[PDB]
Structures are given as C-alpha cells and as structure tokens.
Amino acid sequence: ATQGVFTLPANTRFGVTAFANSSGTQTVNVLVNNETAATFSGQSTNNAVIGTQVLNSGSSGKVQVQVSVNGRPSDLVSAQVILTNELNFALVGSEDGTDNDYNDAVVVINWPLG
Ligand SMILES: [Ca+2]
Ligand SMILES: [Ca+2]
C-alpha cells in the first residue's frame, strides 16, 4: 500500500520534523499538493534532528513525505494517530538497507499548531 501520504484539513498549518539513525546520509522531501515545499538532509547515528519547519496544507491538504539515501528511495511505513479527537500525528519511518529497523530517517508531522 501507499505510505507517507496524509490528508490534512485544508489551509491548516502543520509541523514536520526529521531525525536520522543510519550510517547513510538521509534526504527527506515534503510535498504539499504535489509541490516540493521543504527538504532536509543530514547524517546521524544518534537521532539528530536534520530539519524542522512549519508548513501550510494548502487547498488540497495532500502532504507527502519522501526519503532517499544517496539517491536510493527508502522503503516507507506510516500511520496517522489522533489523541482526544483533536491532536494529530502523522508518522513516517524508513529503511535504507537490510536490518529493517525502519528508523534510518524518521519523520513526524503534527497539527493543529498555535
Ligand atoms: Ca535500517
Ligand atoms: Ca538505522
């Protein structure tokens, strides 16, 4: 199934934050309505934040996270979670190799803000 694609209420601000846990250098792209809106890169074996930014959902609400390592697309897993019917997390893990820890780049989207 498709992973890394989330529908947010339209014209709503949201945060996105990426962490790295791999020997390979991670690159994360964020597409809002199929247009590249943020990109992070870095390397960490220690969960370092390689990027963070507030974005807007736009008219579509379609947010999609992508991850690649030196050009090779990582395999994604994702889910959305809602707490107390109000607080939203969209979560993404990714695997760039063979050990299937799926934490190579870890991305977290959250909303509402403010
Ligand atoms: Ca891995
Ligand atoms: Ca890892």
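Side-chain atoms are counted along with the backbone in the values below, which use heavy atoms only and exclude waters and symmetry mates. This chain uses plain numbering: 1 for the first residue, then up along the sequence. In listed order, ligands and their atoms are each counted from 1.
Between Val16 and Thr52, the closest side-chain pair of non-hydrogen atoms is not below 4.5 Å. Put simply, the side chain of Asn21 does not reach to within 4.5 Å of the side chain of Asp101, judged on heavy atoms. Using a 4.5 Å cut-off on side-chain heavy atoms (C-beta onward), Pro112 and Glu86 make contact.
Taking every heavy atom of both residues into account, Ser74 and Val69 meet most closely at OG-CG2, 3.8 Å.
Here the OG1 atom belonging to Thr17 is positioned 6.5 Å from the CG atom belonging to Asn110, to the nearest 0.5 angstrom.
Note on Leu76 and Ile50: same hydrophobic cluster, where clusters join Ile, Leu, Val, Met, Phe, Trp and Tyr whose side-chain heavy atoms are under 4.5 Å apart, directly or indirectly.
For the Ca ion (ligand 1), the nearby protein N/O/S atoms, meaning those under 3.0 Å, are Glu95 OE1, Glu95 OE2, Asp99 OD1, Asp101 OD1, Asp104 OD1, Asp104 OD2.
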